[PDB]
>>> print(open('model-v2.txt').read())   # compact mmCIF, C-alpha atoms and all ligand atoms
# COMPACT_ATOMS: atom_id res chain seq x y z
CA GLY P 325 227.45 -129.19 106.43
CA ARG P 326 224.29 -127.07 106.30
CA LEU P 327 224.18 -125.40 102.80
CA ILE P 328 223.82 -126.64 99.22
CA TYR P 329 226.47 -124.79 97.21
CA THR P 330 226.05 -124.43 93.40
CA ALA P 331 229.05 -123.27 91.45
CA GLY P 332 229.24 -122.20 87.81
CA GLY P 333 226.93 -123.50 85.11
CA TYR P 334 225.69 -122.34 81.73
CA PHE P 335 223.13 -119.84 80.51
CA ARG P 336 224.05 -118.21 77.15
CA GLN P 337 227.67 -118.55 78.31
CA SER P 338 229.55 -120.23 81.15
CA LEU P 339 228.90 -118.62 84.59
CA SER P 340 231.05 -117.64 87.62
CA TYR P 341 228.23 -117.73 90.17
CA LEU P 342 228.59 -119.29 93.58
CA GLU P 343 225.33 -119.38 95.49
CA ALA P 344 224.31 -121.37 98.59
CA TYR P 345 220.84 -122.61 99.48
CA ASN P 346 219.77 -123.22 103.07
CA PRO P 347 217.11 -125.94 103.23
CA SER P 348 216.41 -124.91 106.87
CA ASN P 349 214.97 -121.47 105.84
CA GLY P 350 214.56 -121.39 101.98
CA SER P 351 217.28 -118.66 101.63
CA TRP P 352 219.80 -118.19 98.82
CA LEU P 353 223.10 -116.36 99.44
CA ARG P 354 225.33 -115.10 96.63
CA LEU P 355 228.97 -115.64 97.57
CA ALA P 356 232.39 -115.04 95.91
CA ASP P 357 232.44 -115.67 92.12
CA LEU P 358 234.71 -118.33 90.64
CA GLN P 359 237.93 -116.77 89.31
CA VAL P 360 237.12 -118.30 85.86
CA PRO P 361 233.62 -118.92 84.44
CA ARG P 362 232.91 -122.60 83.93
CA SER P 363 230.15 -125.01 83.03
CA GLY P 364 230.24 -128.81 82.95
CA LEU P 365 232.27 -128.89 86.17
CA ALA P 366 231.75 -130.98 89.30
CA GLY P 367 231.66 -129.97 92.93
CA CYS P 368 232.76 -131.95 95.98
CA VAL P 369 233.77 -131.30 99.60
CA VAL P 370 236.80 -132.51 101.54
CA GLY P 371 237.61 -131.42 105.06
CA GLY P 372 234.91 -128.72 104.99
CA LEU P 373 236.36 -127.13 101.77
CA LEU P 374 234.40 -126.87 98.54
CA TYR P 375 236.22 -127.88 95.36
CA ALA P 376 235.32 -127.00 91.79
CA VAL P 377 236.78 -129.49 89.31
CA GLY P 378 237.09 -129.30 85.51
CA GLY P 379 234.46 -127.84 83.17
CA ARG P 380 234.81 -125.49 80.22
CA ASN P 381 234.58 -121.76 79.76
CA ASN P 382 232.06 -121.36 76.92
CA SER P 383 232.40 -117.65 76.20
CA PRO P 384 231.94 -115.30 73.21
CA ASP P 385 235.72 -114.72 73.08
CA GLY P 386 236.53 -118.47 72.85
CA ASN P 387 235.85 -121.87 74.39
CA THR P 388 238.44 -123.29 76.83
CA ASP P 389 238.19 -126.67 78.48
CA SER P 390 239.33 -126.55 82.14
CA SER P 391 241.92 -128.74 83.89
CA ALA P 392 241.50 -126.46 86.97
CA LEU P 393 240.90 -127.43 90.56
CA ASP P 394 239.86 -124.52 92.76
CA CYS P 395 239.13 -124.49 96.46
CA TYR P 396 236.48 -122.35 98.29
CA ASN P 397 236.84 -121.82 102.05
CA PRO P 398 233.49 -120.86 103.62
CA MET P 399 235.39 -119.42 106.62
CA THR P 400 237.04 -116.76 104.39
CA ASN P 401 234.63 -116.55 101.39
CA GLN P 402 237.70 -116.90 99.10
CA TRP P 403 238.59 -119.14 96.17
CA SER P 404 242.15 -120.42 95.97
CA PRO P 405 243.67 -122.25 93.05
CA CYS P 406 244.99 -125.78 93.59
CA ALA P 407 247.16 -127.97 91.33
CA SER P 408 245.65 -128.54 87.87
CA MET P 409 244.74 -131.98 86.48
CA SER P 410 246.84 -133.81 83.86
CA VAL P 411 244.27 -132.87 81.17
CA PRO P 412 241.26 -130.62 80.65
CA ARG P 413 237.99 -132.39 81.56
CA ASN P 414 234.68 -130.80 80.52
CA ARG P 415 231.46 -132.63 81.52
CA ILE P 416 233.42 -134.31 84.28
CA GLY P 417 232.29 -136.43 87.20
CA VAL P 418 233.99 -136.68 90.54
CA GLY P 419 233.92 -138.79 93.70
CA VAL P 420 235.66 -138.56 97.06
CA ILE P 421 237.20 -141.57 98.84
CA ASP P 422 239.11 -141.26 102.09
CA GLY P 423 239.72 -137.51 101.59
CA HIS P 424 240.99 -137.94 98.00
CA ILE P 425 239.23 -136.54 94.92
CA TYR P 426 238.78 -138.77 91.87
CA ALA P 427 238.34 -136.90 88.62
CA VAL P 428 236.64 -139.13 86.04
CA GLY P 429 236.33 -138.88 82.23
CA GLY P 430 235.08 -135.71 80.56
CA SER P 431 236.15 -134.16 77.24
CA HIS P 432 238.99 -132.10 75.86
CA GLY P 433 237.93 -130.88 72.42
CA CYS P 434 236.95 -134.03 70.48
CA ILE P 435 238.88 -136.33 72.96
CA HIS P 436 236.48 -138.29 75.17
CA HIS P 437 238.57 -139.45 78.15
CA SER P 438 238.53 -142.90 79.78
CA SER P 439 241.34 -141.63 82.05
CA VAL P 440 240.95 -141.07 85.79
CA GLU P 441 243.15 -139.23 88.25
CA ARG P 442 243.25 -138.73 91.97
CA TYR P 443 243.94 -135.58 94.00
CA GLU P 444 245.55 -135.61 97.47
CA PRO P 445 244.82 -132.36 99.30
CA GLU P 446 247.65 -132.82 101.87
CA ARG P 447 250.21 -132.86 99.00
CA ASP P 448 248.31 -130.68 96.45
CA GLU P 449 249.12 -133.30 93.82
CA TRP P 450 247.20 -135.18 91.11
CA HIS P 451 248.20 -138.70 89.99
CA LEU P 452 246.68 -140.87 87.26
CA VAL P 453 245.12 -144.17 88.20
CA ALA P 454 243.77 -147.02 86.04
CA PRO P 455 241.55 -145.76 83.21
CA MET P 456 237.92 -146.78 82.98
CA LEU P 457 237.01 -149.55 80.53
CA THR P 458 234.88 -147.00 78.63
CA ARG P 459 235.29 -143.41 77.46
CA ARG P 460 232.67 -141.35 79.28
CA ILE P 461 231.75 -137.67 79.24
CA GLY P 462 228.68 -136.43 81.08
CA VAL P 463 229.57 -139.30 83.40
CA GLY P 464 227.76 -139.78 86.69
CA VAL P 465 230.03 -140.62 89.59
CA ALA P 466 229.30 -141.76 93.14
CA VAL P 467 231.02 -143.49 96.05
CA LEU P 468 229.52 -146.25 98.20
CA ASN P 469 231.43 -148.34 100.71
CA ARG P 470 234.75 -146.82 99.51
CA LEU P 471 234.21 -148.00 95.94
CA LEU P 472 233.92 -145.52 93.03
CA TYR P 473 231.18 -145.86 90.38
CA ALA P 474 231.08 -144.35 86.87
CA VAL P 475 227.61 -144.40 85.39
CA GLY P 476 226.36 -143.67 81.86
CA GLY P 477 227.67 -140.81 79.78
CA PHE P 478 228.77 -140.39 76.17
CA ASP P 479 231.69 -142.22 74.62
CA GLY P 480 232.06 -140.04 71.49
CA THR P 481 229.64 -142.08 69.43
CA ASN P 482 226.85 -143.47 71.67
CA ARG P 483 225.11 -142.41 74.86
CA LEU P 484 225.53 -145.30 77.37
CA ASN P 485 223.47 -147.37 79.81
CA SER P 486 226.68 -149.06 81.03
CA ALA P 487 228.32 -148.54 84.37
CA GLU P 488 231.50 -149.69 86.05
CA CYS P 489 233.12 -149.84 89.49
CA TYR P 490 236.70 -149.01 90.60
CA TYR P 491 238.29 -151.09 93.38
CA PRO P 492 241.08 -148.84 94.73
CA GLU P 493 243.17 -151.54 96.44
CA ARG P 494 243.25 -153.45 93.10
CA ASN P 495 243.59 -150.24 90.97
CA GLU P 496 241.09 -151.92 88.63
CA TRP P 497 237.78 -151.18 86.93
CA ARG P 498 235.08 -153.82 86.35
CA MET P 499 231.69 -153.44 84.63
CA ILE P 500 228.58 -153.66 86.78
CA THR P 501 225.01 -154.40 85.73
CA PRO P 502 223.96 -151.79 83.14
CA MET P 503 221.11 -149.39 83.91
CA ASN P 504 217.72 -150.03 82.33
CA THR P 505 218.00 -146.62 80.63
CA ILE P 506 220.61 -144.93 78.40
CA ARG P 507 221.60 -141.76 80.26
CA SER P 508 224.25 -139.11 79.61
CA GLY P 509 224.53 -136.03 81.83
CA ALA P 510 222.37 -137.61 84.49
CA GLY P 511 222.61 -136.77 88.18
CA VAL P 512 224.29 -139.61 90.02
CA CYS P 513 224.63 -139.81 93.83
CA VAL P 514 224.50 -142.27 96.72
CA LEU P 515 221.79 -142.63 99.31
CA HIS P 516 221.74 -145.45 101.85
CA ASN P 517 222.94 -148.62 100.07
CA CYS P 518 221.97 -147.50 96.54
CA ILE P 519 223.49 -145.57 93.61
CA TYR P 520 220.79 -143.31 92.11
CA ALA P 521 220.75 -142.07 88.51
CA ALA P 522 218.30 -139.23 87.88
CA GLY P 523 217.43 -137.83 84.44
CA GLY P 524 219.94 -137.38 81.64
CA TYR P 525 220.03 -137.24 77.86
CA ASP P 526 219.87 -140.23 75.48
CA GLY P 527 220.71 -138.47 72.21
CA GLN P 528 217.00 -137.81 71.55
CA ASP P 529 215.25 -136.79 74.79
CA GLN P 530 215.90 -135.30 78.21
CA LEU P 531 214.62 -137.79 80.84
CA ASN P 532 212.55 -137.50 84.05
CA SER P 533 213.04 -141.17 85.02
CA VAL P 534 215.07 -142.20 88.06
CA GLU P 535 216.62 -145.59 88.84
CA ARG P 536 218.80 -146.93 91.62
CA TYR P 537 221.37 -149.68 91.90
CA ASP P 538 221.47 -151.84 95.03
CA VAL P 539 225.09 -153.00 95.42
CA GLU P 540 223.91 -156.11 97.33
CA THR P 541 221.40 -157.32 94.67
CA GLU P 542 223.36 -155.91 91.66
CA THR P 543 220.09 -154.75 90.06
CA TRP P 544 218.60 -151.44 89.03
CA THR P 545 215.07 -150.49 90.00
CA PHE P 546 213.08 -147.41 88.89
CA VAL P 547 211.65 -145.15 91.55
CA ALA P 548 209.26 -142.22 91.08
CA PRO P 549 210.16 -139.86 88.17
CA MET P 550 211.16 -136.26 88.81
CA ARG P 551 208.53 -133.61 88.07
CA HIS P 552 210.85 -132.09 85.36
CA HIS P 553 212.64 -133.85 82.51
CA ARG P 554 216.30 -132.68 82.83
CA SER P 555 219.80 -133.33 81.59
CA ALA P 556 223.01 -131.63 82.80
CA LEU P 557 221.59 -131.32 86.29
CA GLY P 558 223.50 -130.95 89.51
CA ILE P 559 222.70 -133.49 92.24
CA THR P 560 223.55 -133.73 95.92
CA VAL P 561 222.41 -135.20 99.20
CA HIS P 562 221.48 -133.07 102.19
CA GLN P 563 220.05 -134.62 105.39
CA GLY P 564 219.17 -137.97 103.75
CA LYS P 565 217.31 -136.44 100.81
CA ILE P 566 218.39 -136.09 97.20
CA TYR P 567 218.33 -132.63 95.66
CA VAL P 568 218.48 -131.95 91.92
CA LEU P 569 219.37 -128.50 90.63
CA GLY P 570 218.86 -127.01 87.21
CA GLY P 571 219.60 -128.61 83.88
CA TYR P 572 218.00 -128.63 80.47
CA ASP P 573 214.61 -130.01 79.31
CA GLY P 574 214.94 -129.42 75.56
CA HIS P 575 213.18 -126.04 75.89
CA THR P 576 214.36 -124.15 79.00
CA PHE P 577 217.50 -123.85 81.13
CA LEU P 578 215.77 -124.84 84.36
CA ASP P 579 215.80 -122.91 87.65
CA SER P 580 213.80 -125.82 89.20
CA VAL P 581 215.19 -127.47 92.36
CA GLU P 582 213.46 -130.74 93.29
CA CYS P 583 214.04 -133.07 96.24
CA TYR P 584 213.38 -136.79 96.67
CA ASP P 585 212.07 -138.38 99.85
CA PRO P 586 212.99 -142.08 99.70
CA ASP P 587 210.51 -143.02 102.46
CA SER P 588 207.44 -141.64 100.57
CA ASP P 589 209.04 -142.19 97.13
CA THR P 590 208.03 -138.66 96.12
CA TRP P 591 209.68 -135.71 94.41
CA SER P 592 208.67 -132.21 95.46
CA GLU P 593 209.60 -128.72 94.24
CA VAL P 594 211.72 -127.08 96.98
CA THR P 595 212.84 -123.70 95.67
CA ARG P 596 214.09 -122.20 92.46
CA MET P 597 217.60 -121.12 91.74
CA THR P 598 218.01 -117.38 91.33
CA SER P 599 218.33 -118.00 87.57
CA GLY P 600 218.00 -120.93 85.15
CA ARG P 601 221.21 -122.78 84.29
CA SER P 602 222.67 -126.15 83.29
CA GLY P 603 225.99 -127.90 84.00
CA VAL P 604 226.50 -126.67 87.60
CA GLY P 605 228.78 -128.10 90.23
CA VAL P 606 227.04 -128.81 93.51
CA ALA P 607 228.10 -130.02 97.00
CA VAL P 608 227.16 -129.53 100.64
CA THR P 609 229.20 -127.95 103.45
CA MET P 610 229.02 -125.51 106.38
CA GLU P 611 227.58 -122.00 106.38
CA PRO P 612 230.11 -119.30 105.53
CA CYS P 613 231.59 -117.72 108.74
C1 LIG P 701 222.49 -120.32 73.84
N1 LIG P 701 221.61 -121.48 73.71
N2 LIG P 701 220.25 -121.33 73.76
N3 LIG P 701 219.71 -122.54 73.61
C2 LIG P 701 220.71 -123.45 73.47
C3 LIG P 701 220.71 -124.85 73.28
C4 LIG P 701 221.92 -125.54 73.16
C5 LIG P 701 221.97 -127.05 72.95
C6 LIG P 701 220.75 -127.66 72.27
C7 LIG P 701 220.43 -127.03 70.92
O1 LIG P 701 221.38 -126.66 70.20
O2 LIG P 701 219.22 -126.94 70.62
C8 LIG P 701 222.25 -127.70 74.30
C9 LIG P 701 221.51 -127.33 75.41
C10 LIG P 701 221.75 -127.90 76.64
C11 LIG P 701 222.74 -128.85 76.76
CL1 LIG P 701 223.04 -129.57 78.31
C12 LIG P 701 223.49 -129.23 75.68
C13 LIG P 701 223.25 -128.65 74.44
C14 LIG P 701 223.12 -124.82 73.22
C15 LIG P 701 223.13 -123.45 73.41
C16 LIG P 701 221.91 -122.77 73.53
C1 LIG P 702 220.54 -131.44 73.58
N1 LIG P 702 221.08 -131.95 74.83
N2 LIG P 702 220.27 -132.12 75.93
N3 LIG P 702 221.02 -132.60 76.91
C2 LIG P 702 222.30 -132.74 76.46
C3 LIG P 702 223.48 -133.19 77.07
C4 LIG P 702 224.68 -133.23 76.35
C5 LIG P 702 225.97 -133.72 76.99
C6 LIG P 702 226.03 -135.25 77.04
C7 LIG P 702 225.93 -135.92 75.68
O1 LIG P 702 226.39 -135.34 74.66
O2 LIG P 702 225.39 -137.05 75.67
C8 LIG P 702 226.21 -133.08 78.35
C9 LIG P 702 226.47 -133.85 79.49
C10 LIG P 702 226.68 -133.24 80.72
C11 LIG P 702 226.64 -131.86 80.82
CL1 LIG P 702 226.91 -131.10 82.36
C12 LIG P 702 226.39 -131.08 79.71
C13 LIG P 702 226.18 -131.69 78.48
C14 LIG P 702 224.68 -132.81 75.01
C15 LIG P 702 223.51 -132.35 74.40
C16 LIG P 702 222.33 -132.33 75.14
>>> encode(input="model-v2.txt", output="structure tokens", more="lines below")
Ligand SMILES: Cn1nnc2cc([C@H](CC(=O)O)c3ccc(Cl)cc3)ccc21
Ligand SMILES: Cn1nnc2cc([C@H](CC(=O)O)c3ccc(Cl)cc3)ccc21
Amino acid sequence: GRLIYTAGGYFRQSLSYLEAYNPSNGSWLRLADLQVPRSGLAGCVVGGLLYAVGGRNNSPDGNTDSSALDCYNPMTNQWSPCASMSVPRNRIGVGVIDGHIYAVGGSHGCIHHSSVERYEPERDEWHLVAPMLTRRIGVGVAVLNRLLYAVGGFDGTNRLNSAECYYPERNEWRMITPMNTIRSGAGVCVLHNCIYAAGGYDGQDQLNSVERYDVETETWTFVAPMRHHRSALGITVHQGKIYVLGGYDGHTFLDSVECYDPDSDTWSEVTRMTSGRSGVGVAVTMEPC
């Protein structure tokens, strides 16, 4: 892949935007809109295709949680619907293992899901797997060494520092070491041998702190803070660097895009999105055409 794709998000209402940033030249490209506006969704890529998963359409004419999975083909610049999930999942997290998409947690109205389901592109089918031990919305999800991690979030009552791991061949969840920080709507991704959790909301404040979990040591360590406090950010990895996109700082719907260089342990401002927004879906794949 070469571009960072950001899909959907929220500013005043849920958004249909699909725009792609090229780190190699600083350029933004506006591409085909989502068929349905949505915020609180997740993005991922499988086989070169971009998927938009879950979310909610917050709109003046009503609020609708999304069970939708939609597929964007950069070759054609077209969105195609796929099979829908078992349930709507706003403020979802997702992870890809072995070409399958895991949809994790999220909300449907006042239901905070612990349920998890898995999509198989070759069959266009979703199937439920073992539920998490905890209900989590605004859940951070990442994959390392073909294990799936669910990190932080909101269980309906408390924002969470807890995290858990799913072992596919056991179809089983187990708790891991909790983070040192309560975080809901953080950005969670993998880089090298570590799960990173950037920012989030704790029920009182939006956070700039960043910590990472080393699967070998089973401990969380803080790294340098982002320049901007943010919850409901998008996060992705592009060429061995973390990028964080948008979110909310308690005052502004951020257009800020920051990137993290693990070797210098520094965050730097890279570009700004064309407009401020929170709750985007983000993933990396090839240039269109
Ligand atoms: C249209 N508009 N303008 N400012 C807003 C703030 C919120 C709340 C916070 C509040 O109510 O102050 C909110 C903002 C961001 C997240 Cl991620 C979650 C909730 C909701 C809609 C808003
Ligand atoms: C005022 N404020 N600031 N940041 C917030 C985040 C949420 C939730 C998580 C929660 O309720 O803990 C949220 C999580 C993820 C996404 Cl994409 C969007 C919203 C709710 C209010 C918030």
>>> atom_distance(input="model-v2.txt", atom1="atom CA of residue P:531", atom2="atom CA of residue P:415")
17.6 Å
>>> atom_distance(input="model-v2.txt", atom1="atom CA of residue P:343", atom2="atom CA of residue P:449")
27.6 Å
>>> closest_residue(input="model-v2.txt", among="P:418, P:513, P:604, P:522", to="ligand LIG 701 (chain P)", atoms="all atoms listed in the file")
P:604
>>> atom_distance(input="model-v2.txt", atom1="atom CA of residue P:364", atom2="atom CA of residue P:453")
22.0 Å
>>> residues_around(input="model-v2.txt", residues="residue P:351", least_positions_apart="4", cutoff="12 Å", atoms="all atoms listed in the file", output="ChimeraX atom specification")
/P:326-329,343-347,594-598,611
>>> closest_atom_pairs(input="model-v2.txt", of="chain P", to="ligand LIG 702 (chain P)", cutoff="10 Å", atoms="all atoms listed in the file", output="tab-separated table")
residue	atom	partner	partner_atom	distance
P:333	CA	P:LIG702	CL1	8.1
P:334	CA	P:LIG702	CL1	8.9
P:363	CA	P:LIG702	CL1	6.9
P:364	CA	P:LIG702	CL1	4.1
P:365	CA	P:LIG702	CL1	6.9
P:366	CA	P:LIG702	CL1	8.5
P:379	CA	P:LIG702	CL1	8.3
P:380	CA	P:LIG702	CL1	9.9
P:414	CA	P:LIG702	CL1	8.0
P:415	CA	P:LIG702	CL1	4.9
P:416	CA	P:LIG702	CL1	7.5
P:417	CA	P:LIG702	CL1	9.0
P:430	CA	P:LIG702	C10	8.8
P:431	CA	P:LIG702	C9	9.9
P:460	CA	P:LIG702	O2	9.2
P:461	CA	P:LIG702	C9	6.5
P:462	CA	P:LIG702	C9	3.8
P:463	CA	P:LIG702	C10	7.2
P:464	CA	P:LIG702	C10	8.9
P:476	CA	P:LIG702	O2	9.1
P:477	CA	P:LIG702	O2	6.0
P:478	CA	P:LIG702	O2	4.8
P:479	CA	P:LIG702	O2	8.2
P:480	CA	P:LIG702	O1	8.0
P:481	CA	P:LIG702	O2	9.1
P:482	CA	P:LIG702	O2	7.7
P:483	CA	P:LIG702	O2	5.4
P:484	CA	P:LIG702	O2	8.4
P:506	CA	P:LIG702	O2	9.6
P:507	CA	P:LIG702	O2	7.6
P:508	CA	P:LIG702	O2	4.6
P:509	CA	P:LIG702	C10	3.7
P:510	CA	P:LIG702	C10	7.2
P:511	CA	P:LIG702	CL1	9.2
P:523	CA	P:LIG702	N3	9.8
P:524	CA	P:LIG702	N3	6.8
P:525	CA	P:LIG702	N3	4.8
P:526	CA	P:LIG702	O2	6.4
P:527	CA	P:LIG702	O2	6.0
P:528	CA	P:LIG702	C1	7.6
P:529	CA	P:LIG702	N2	7.0
P:530	CA	P:LIG702	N2	5.9
P:531	CA	P:LIG702	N3	9.1
P:554	CA	P:LIG702	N3	7.6
P:555	CA	P:LIG702	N3	4.9
P:556	CA	P:LIG702	CL1	4.0
P:557	CA	P:LIG702	CL1	6.6
P:558	CA	P:LIG702	CL1	7.9
P:571	CA	P:LIG702	CL1	7.9
P:572	CA	P:LIG702	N3	6.1
P:573	CA	P:LIG702	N2	6.9
P:574	CA	P:LIG702	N2	6.0
P:575	CA	P:LIG702	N2	9.3
P:602	CA	P:LIG702	CL1	6.6
P:603	CA	P:LIG702	CL1	3.7
P:604	CA	P:LIG702	CL1	6.9
P:605	CA	P:LIG702	CL1	8.6
